[PDB]
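Visitor: Pasting in a structure now, in structure tokens, and then I'll have a few things to ask.
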Amino acid sequence: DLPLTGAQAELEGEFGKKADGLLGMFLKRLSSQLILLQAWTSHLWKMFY
Amino acid sequence: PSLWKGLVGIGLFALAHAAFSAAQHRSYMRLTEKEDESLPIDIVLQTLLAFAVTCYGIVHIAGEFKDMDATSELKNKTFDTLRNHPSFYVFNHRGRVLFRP
Amino acid sequence: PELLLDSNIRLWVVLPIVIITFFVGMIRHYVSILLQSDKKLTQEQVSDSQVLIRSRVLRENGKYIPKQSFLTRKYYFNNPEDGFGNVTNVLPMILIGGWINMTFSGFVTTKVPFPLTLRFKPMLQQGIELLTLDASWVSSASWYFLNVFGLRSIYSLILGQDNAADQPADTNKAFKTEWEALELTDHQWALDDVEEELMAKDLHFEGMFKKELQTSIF
Amino acid sequence: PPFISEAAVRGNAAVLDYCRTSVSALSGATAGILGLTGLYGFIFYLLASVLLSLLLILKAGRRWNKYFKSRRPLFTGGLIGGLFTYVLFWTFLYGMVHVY
């Protein structure tokens, strides 16, 4: 089988990683949700270029 | 008043956000193939708090109880309103004369 | 877990079943209300029914009037008087079940979170053709039937009273029955010792002169 | 009370049914979200039920005898359909989240 995708194999290190106390993981999760929303908006922008 | 509707809406929104977060975390975890079964504590706290707040808010809008005693609402009823029969009204009196004869 | 599922099936097979069954139930309720019935009764029927209700009320509450009036009414009623639509309710359920089985069956839908026995397997896996698969995994038709059965309380809550789901003869006979039932009733006055009960304690004049006399409207 | 009005008791029953159904559905949803499974999750349901009853007391307060004859309907009222709604929502949300 082909090697695991680099964009996710290396994402494993930076995603789902313990950083700080109870005030950190939820902040980084909401930032990740914001950037995911930005990616979704970018994807639909090129629908009609 | 109307703040309970806002409270229950906020609780439902928080529960939905927690659901989306848990689904996203599970989807990410299944990619890395880690059998540690790591459930973050903050998500559990958030969903429990949202559930408790939503239940407390929704218990206050179901309505209000009423006394089962049949003689409870008649303590203020008076005979002035009991002798009026709408089906037997007659308009032959001095009210017509007094107002614009 | 054991199996790996496509997210597209979750996005496009799970929700439509719930939406369809919900709105089908709502439409069934509204249609049932639309053509519920149209009944007409003649004057004699309603008059006799009111007479029967009056006789029943007399029998039940004759203990609040003087005995002479009770027996005067009891002399009456004895000598002079007593003696002188669905096809749409059920068929659409089966039709929709068959249509869903036709146009949706063929893949695993979801899994219950509690262990079961082999007895559950023949019911929850109508469409699939596997042999050794566990009974927790369900097919589409079983999910549809489960969703149908698990919405009675939701319908009762979000909609008025209870609907959108499945579950006199002879005047002379009634006259004779009421005549026989009334004959064994005897007066028992309930005001024999009202005065002594009243005299036990002072009147409850508390919480009556609060607030203020009303001046005008609002 | 010598005289009882049916409308008040039917309204109280309707309010209790509304509360029970809504809390059962919400408890099933949150149990599904938490990912609990097996008889362990069942415990949560019972806990939720208790919570509901407690709040009802704060809704009834004192002089509860005016509204109800006894607290037994207030405690053990409607534990059949609520369980069905709970398990249905539990399965739905557990399939929606932890599966796939």
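We label chains A, B, ... in the order they appear in the structure tokens, count residues from 1 in each chain, and number ligands from 1 in the order shown.
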What residues in chain D have any atom no more than 7 Å from chain C when counting only C-alpha atoms, and can you write them as a VMD selection string?

Guide: chain D and resid 18 21 37 to 38 84 to 85 88 91 95 100

Visitor: Write the residues of the preceding selection, restricted to C-alpha atoms, as a JSON list (two decimals), in the first residue's frame.

Guide:
```json
[["chain", "number", "residue", "atom", "x", "y", "z"],
["D", 18, "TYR", "CA", -44.19, 17.41, 27.81],
["D", 21, "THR", "CA", -40.65, 13.52, 26.58],
["D", 37, "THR", "CA", -22.33, 2.44, 25.00],
["D", 38, "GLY", "CA", -23.69, -0.63, 26.72],
["D", 84, "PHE", "CA", -37.96, 4.28, 23.68],
["D", 85, "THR", "CA", -37.27, 7.87, 22.62],
["D", 88, "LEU", "CA", -33.89, 5.87, 19.43],
["D", 91, "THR", "CA", -28.77, 5.04, 18.27],
["D", 95, "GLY", "CA", -24.43, 6.25, 14.38],
["D", 100, "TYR", "CA", -18.20, 6.82, 9.83]]
```

Visitor: Can you list, as a ChimeraX atom specification, all residues belonging to segment 32-87 of chain D that DSSP tags as alpha helix (DSSP H)?

Guide: /D:32-34,39-60,72-75,81-87

Visitor: Next, dump the selected residues to file, keeping only N, CA and C atoms, as a compact mmCIF listing (two decimals), in the first residue's frame.

Guide:
```
# COMPACT_ATOMS: atom_id res chain seq x y z
N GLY D 32 -25.79 9.86 23.30
CA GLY D 32 -25.21 9.51 22.01
C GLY D 32 -23.97 10.33 21.69
N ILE D 33 -24.01 11.62 22.00
CA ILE D 33 -22.86 12.49 21.72
C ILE D 33 -21.65 12.07 22.54
N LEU D 34 -21.86 11.76 23.82
CA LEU D 34 -20.74 11.38 24.68
C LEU D 34 -20.05 10.10 24.23
N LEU D 39 -24.66 -1.12 28.87
CA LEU D 39 -25.46 -0.86 30.06
C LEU D 39 -24.95 0.34 30.84
N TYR D 40 -23.66 0.65 30.71
CA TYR D 40 -23.10 1.84 31.33
C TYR D 40 -23.92 3.07 30.96
N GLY D 41 -24.19 3.24 29.66
CA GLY D 41 -25.00 4.37 29.23
C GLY D 41 -26.38 4.37 29.86
N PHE D 42 -26.95 3.18 30.05
CA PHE D 42 -28.25 3.07 30.71
C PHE D 42 -28.25 3.81 32.04
N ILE D 43 -27.16 3.67 32.81
CA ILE D 43 -27.07 4.35 34.10
C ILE D 43 -27.31 5.84 33.93
N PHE D 44 -26.64 6.44 32.94
CA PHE D 44 -26.81 7.86 32.67
C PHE D 44 -28.28 8.21 32.54
N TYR D 45 -29.03 7.41 31.77
CA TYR D 45 -30.45 7.66 31.58
C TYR D 45 -31.15 7.79 32.93
N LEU D 46 -30.97 6.80 33.80
CA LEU D 46 -31.59 6.86 35.12
C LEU D 46 -31.20 8.14 35.83
N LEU D 47 -29.91 8.47 35.82
CA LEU D 47 -29.45 9.70 36.44
C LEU D 47 -30.23 10.89 35.89
N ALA D 48 -30.32 10.98 34.56
CA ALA D 48 -31.05 12.08 33.94
C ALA D 48 -32.47 12.13 34.48
N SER D 49 -33.14 10.98 34.54
CA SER D 49 -34.51 10.94 35.04
C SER D 49 -34.58 11.56 36.42
N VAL D 50 -33.67 11.16 37.31
CA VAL D 50 -33.67 11.70 38.66
C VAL D 50 -33.59 13.22 38.61
N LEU D 51 -32.66 13.73 37.80
CA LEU D 51 -32.50 15.18 37.68
C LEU D 51 -33.82 15.84 37.35
N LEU D 52 -34.53 15.29 36.35
CA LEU D 52 -35.82 15.86 35.97
C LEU D 52 -36.73 15.97 37.18
N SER D 53 -36.88 14.86 37.91
CA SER D 53 -37.78 14.87 39.06
C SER D 53 -37.39 15.96 40.04
N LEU D 54 -36.09 16.12 40.28
CA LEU D 54 -35.63 17.14 41.22
C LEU D 54 -36.12 18.51 40.78
N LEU D 55 -35.95 18.83 39.50
CA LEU D 55 -36.38 20.14 39.01
C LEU D 55 -37.88 20.30 39.19
N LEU D 56 -38.65 19.22 38.99
CA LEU D 56 -40.09 19.30 39.16
C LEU D 56 -40.43 19.74 40.58
N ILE D 57 -39.66 19.28 41.57
CA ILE D 57 -39.89 19.72 42.94
C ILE D 57 -39.76 21.23 43.03
N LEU D 58 -38.69 21.78 42.46
CA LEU D 58 -38.51 23.23 42.47
C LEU D 58 -39.61 23.93 41.69
N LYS D 59 -40.22 23.24 40.73
CA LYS D 59 -41.38 23.81 40.05
C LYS D 59 -42.62 23.73 40.94
N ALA D 60 -42.77 22.63 41.68
CA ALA D 60 -43.91 22.49 42.57
C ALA D 60 -43.73 23.31 43.84
N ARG D 72 -45.81 10.33 43.95
CA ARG D 72 -45.49 9.13 43.17
C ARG D 72 -45.65 9.34 41.67
N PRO D 73 -46.73 9.94 41.16
CA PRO D 73 -46.75 10.27 39.73
C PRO D 73 -45.65 11.24 39.33
N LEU D 74 -45.25 12.14 40.23
CA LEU D 74 -44.20 13.10 39.91
C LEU D 74 -42.84 12.43 39.77
N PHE D 75 -42.64 11.29 40.44
CA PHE D 75 -41.37 10.57 40.40
C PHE D 75 -41.34 9.46 39.36
N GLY D 81 -42.36 5.18 27.34
CA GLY D 81 -42.09 5.85 26.08
C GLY D 81 -40.82 6.67 26.11
N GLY D 82 -40.51 7.27 27.26
CA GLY D 82 -39.27 8.02 27.38
C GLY D 82 -38.05 7.17 27.11
N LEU D 83 -38.06 5.92 27.58
CA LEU D 83 -36.96 5.00 27.29
C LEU D 83 -36.85 4.72 25.80
N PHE D 84 -37.99 4.55 25.12
CA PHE D 84 -37.96 4.28 23.68
C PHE D 84 -37.38 5.47 22.92
N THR D 85 -37.83 6.68 23.26
CA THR D 85 -37.27 7.87 22.62
C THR D 85 -35.78 8.00 22.93
N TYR D 86 -35.39 7.70 24.17
CA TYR D 86 -33.99 7.77 24.57
C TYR D 86 -33.14 6.84 23.73
N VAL D 87 -33.55 5.58 23.60
CA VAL D 87 -32.75 4.62 22.85
C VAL D 87 -32.74 4.98 21.36
```

Visitor: Find the residues of chain B that sit at most 12 Å from chain A; for each, write down the nearest two atoms and how far apart they are in Å, to one decimal. Count only C-alpha atoms. Sort by chain, then by number going up, and give it as CSV.

Guide:
```
residue,atom,partner,partner_atom,distance
B:17,CA,A:30,CA,10.1
B:18,CA,A:26,CA,10.5
B:20,CA,A:33,CA,10.0
B:21,CA,A:29,CA,8.0
B:22,CA,A:29,CA,10.7
B:24,CA,A:33,CA,9.5
B:25,CA,A:16,CA,7.7
B:26,CA,A:16,CA,10.2
B:27,CA,A:16,CA,11.1
B:28,CA,A:16,CA,7.8
B:29,CA,A:16,CA,7.8
B:30,CA,A:12,CA,10.9
B:31,CA,A:8,CA,8.0
B:32,CA,A:12,CA,6.4
B:33,CA,A:12,CA,10.1
B:34,CA,A:12,CA,10.3
B:38,CA,A:16,CA,9.5
B:39,CA,A:16,CA,10.6
B:40,CA,A:25,CA,8.6
B:41,CA,A:22,CA,8.1
B:42,CA,A:22,CA,6.5
B:43,CA,A:26,CA,8.2
B:44,CA,A:26,CA,11.6
B:45,CA,A:22,CA,10.2
B:46,CA,A:26,CA,10.0
```

Visitor: Set out as a Markdown table a contact list for chain D and chain B with a cut-off of 6 Å, giving each residue of chain D that qualifies its closest atom pair and distance in Å to one decimal, counting only C-alpha atoms, ordered by chain and rising residue number.

Guide:
```
| residue | atom | partner | partner_atom | distance |
| --- | --- | --- | --- | --- |
| D:3 | CA | B:70 | CA | 5.6 |
| D:4 | CA | B:70 | CA | 5.3 |
| D:5 | CA | B:70 | CA | 5.1 |
| D:8 | CA | B:68 | CA | 5.4 |
| D:12 | CA | B:65 | CA | 5.9 |
| D:15 | CA | B:62 | CA | 6.0 |
| D:33 | CA | B:19 | CA | 5.9 |
| D:66 | CA | B:67 | CA | 5.4 |
| D:67 | CA | B:67 | CA | 5.2 |
| D:97 | CA | B:23 | CA | 5.0 |
```

Visitor: To one decimal place in Å, what is the distance between atom CA of residue 92 of chain D and atom CA of residue 18 of chain C?

Guide: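 That distance, rounded to one decimal, is 10.1 Å.
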
Visitor: Would you pick out the contacts of residue 37 of chain C at 12 Å or less, using only C-alpha atoms, so that residues sharing its chain but fewer than 4 positions from it are not included, and give the list as number ranges by chain?

Guide: C: 31-33, 85-86

Visitor: Let me make sure I understand: among B:76, B:100, B:7, B:49, which one has the smallest atom-to-atom distance to chain C if we use only C-alpha atoms?

Guide: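 Smallest separation from chain C among the options: B:76.
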
Visitor: Please compute the atom CA of residue 8 of chain B-atom CA of residue 53 of chain B distance, one decimal, in Å.

Guide: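 Taking atom CA of residue 8 of chain B as the start and atom CA of residue 53 of chain B as the end point, the length is 7.4 Å.
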
Visitor: May I have the residues within 9 Å of segment 176-190 of chain C as JSON, numbers by chain, using only C-alpha atoms and disregarding those fewer than 5 positions away in the same chain?

Guide: {"C": [52, 55, 56, 59, 62, 63, 64, 65, 66, 67, 70, 71, 74, 77, 78, 82, 83, 171]}

Visitor: Keeping only N, CA and C atoms, write the selected residues to a file as a PDB file, in the first residue's frame.

Guide:
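File written: again11.pdb
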```pdb
ATOM      1  N   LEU C  52     -81.447  11.225  29.332  1.00  0.00           N
ATOM      2  CA  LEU C  52     -80.642  10.214  30.013  1.00  0.00           C
ATOM      3  C   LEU C  52     -79.551  10.855  30.862  1.00  0.00           C
ATOM      4  N   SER C  55     -81.143  12.230  33.990  1.00  0.00           N
ATOM      5  CA  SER C  55     -81.450  11.168  34.944  1.00  0.00           C
ATOM      6  C   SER C  55     -80.191  10.682  35.651  1.00  0.00           C
ATOM      7  N   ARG C  56     -79.097  10.527  34.902  1.00  0.00           N
ATOM      8  CA  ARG C  56     -77.832  10.119  35.506  1.00  0.00           C
ATOM      9  C   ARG C  56     -77.341  11.156  36.508  1.00  0.00           C
ATOM     10  N   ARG C  59     -79.390  10.859  39.674  1.00  0.00           N
ATOM     11  CA  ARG C  59     -78.960   9.713  40.467  1.00  0.00           C
ATOM     12  C   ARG C  59     -77.636   9.988  41.168  1.00  0.00           C
ATOM     13  N   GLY C  62     -78.297  13.631  43.755  1.00  0.00           N
ATOM     14  CA  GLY C  62     -79.481  13.943  44.533  1.00  0.00           C
ATOM     15  C   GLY C  62     -79.245  14.213  46.002  1.00  0.00           C
ATOM     16  N   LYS C  63     -78.000  14.123  46.473  1.00  0.00           N
ATOM     17  CA  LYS C  63     -77.678  14.297  47.881  1.00  0.00           C
ATOM     18  C   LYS C  63     -77.382  15.748  48.253  1.00  0.00           C
ATOM     19  N   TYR C  64     -77.721  16.702  47.385  1.00  0.00           N
ATOM     20  CA  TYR C  64     -77.512  18.118  47.663  1.00  0.00           C
ATOM     21  C   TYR C  64     -78.807  18.918  47.626  1.00  0.00           C
ATOM     22  N   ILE C  65     -79.956  18.253  47.650  1.00  0.00           N
ATOM     23  CA  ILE C  65     -81.253  18.927  47.606  1.00  0.00           C
ATOM     24  C   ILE C  65     -82.116  18.353  48.720  1.00  0.00           C
ATOM     25  N   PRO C  66     -83.171  19.065  49.122  1.00  0.00           N
ATOM     26  CA  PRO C  66     -84.080  18.508  50.131  1.00  0.00           C
ATOM     27  C   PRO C  66     -84.693  17.198  49.658  1.00  0.00           C
ATOM     28  N   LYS C  67     -84.902  16.287  50.612  1.00  0.00           N
ATOM     29  CA  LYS C  67     -85.369  14.945  50.284  1.00  0.00           C
ATOM     30  C   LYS C  67     -86.720  14.967  49.580  1.00  0.00           C
ATOM     31  N   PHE C  70     -86.158  15.512  45.935  1.00  0.00           N
ATOM     32  CA  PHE C  70     -85.549  14.319  45.354  1.00  0.00           C
ATOM     33  C   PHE C  70     -86.597  13.246  45.086  1.00  0.00           C
ATOM     34  N   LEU C  71     -87.480  13.006  46.055  1.00  0.00           N
ATOM     35  CA  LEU C  71     -88.507  11.983  45.879  1.00  0.00           C
ATOM     36  C   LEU C  71     -89.604  12.439  44.924  1.00  0.00           C
ATOM     37  N   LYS C  74     -88.173  11.639  41.853  1.00  0.00           N
ATOM     38  CA  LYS C  74     -88.122  10.185  41.739  1.00  0.00           C
ATOM     39  C   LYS C  74     -89.498   9.587  41.470  1.00  0.00           C
ATOM     40  N   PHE C  77     -90.041  10.210  36.248  1.00  0.00           N
ATOM     41  CA  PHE C  77     -89.012   9.381  35.624  1.00  0.00           C
ATOM     42  C   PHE C  77     -89.282   7.894  35.791  1.00  0.00           C
ATOM     43  N   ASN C  78     -90.278   7.534  36.596  1.00  0.00           N
ATOM     44  CA  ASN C  78     -90.565   6.132  36.880  1.00  0.00           C
ATOM     45  C   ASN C  78     -91.928   5.723  36.347  1.00  0.00           C
ATOM     46  N   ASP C  82     -90.010   6.653  32.189  1.00  0.00           N
ATOM     47  CA  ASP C  82     -89.354   5.382  31.898  1.00  0.00           C
ATOM     48  C   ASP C  82     -90.352   4.235  31.976  1.00  0.00           C
ATOM     49  N   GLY C  83     -91.109   4.038  30.903  1.00  0.00           N
ATOM     50  CA  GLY C  83     -92.161   3.044  30.877  1.00  0.00           C
ATOM     51  C   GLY C  83     -93.351   3.548  30.091  1.00  0.00           C
ATOM     52  N   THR C 171     -83.043   2.717  22.376  1.00  0.00           N
ATOM     53  CA  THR C 171     -83.554   3.653  23.372  1.00  0.00           C
ATOM     54  C   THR C 171     -84.291   2.926  24.490  1.00  0.00           C
TER      55      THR C 171
END
```

Visitor: Could you tell me how far atom CA of residue 119 of chain C sits from atom CA of residue 80 of chain D, in Å to one decimal place?

Guide: 22.5 Å

Visitor: Any idea what's packed within 10 Å of segment 97-105 of chain C, counting only C-alpha atoms, ignoring anything in its chain fewer than 2 positions away? Could you give it as number ranges by chain?

Guide: C: 13, 17, 20-21, 91-95, 107-109, 125-128, 139-142, 144-145, 148

Visitor: Please identify which residues in segment 37-201 of chain C DSSP calls strand (DSSP E or B) from the backbone, and express them as a ChimeraX atom specification.

Guide: /C:110-111,137-138
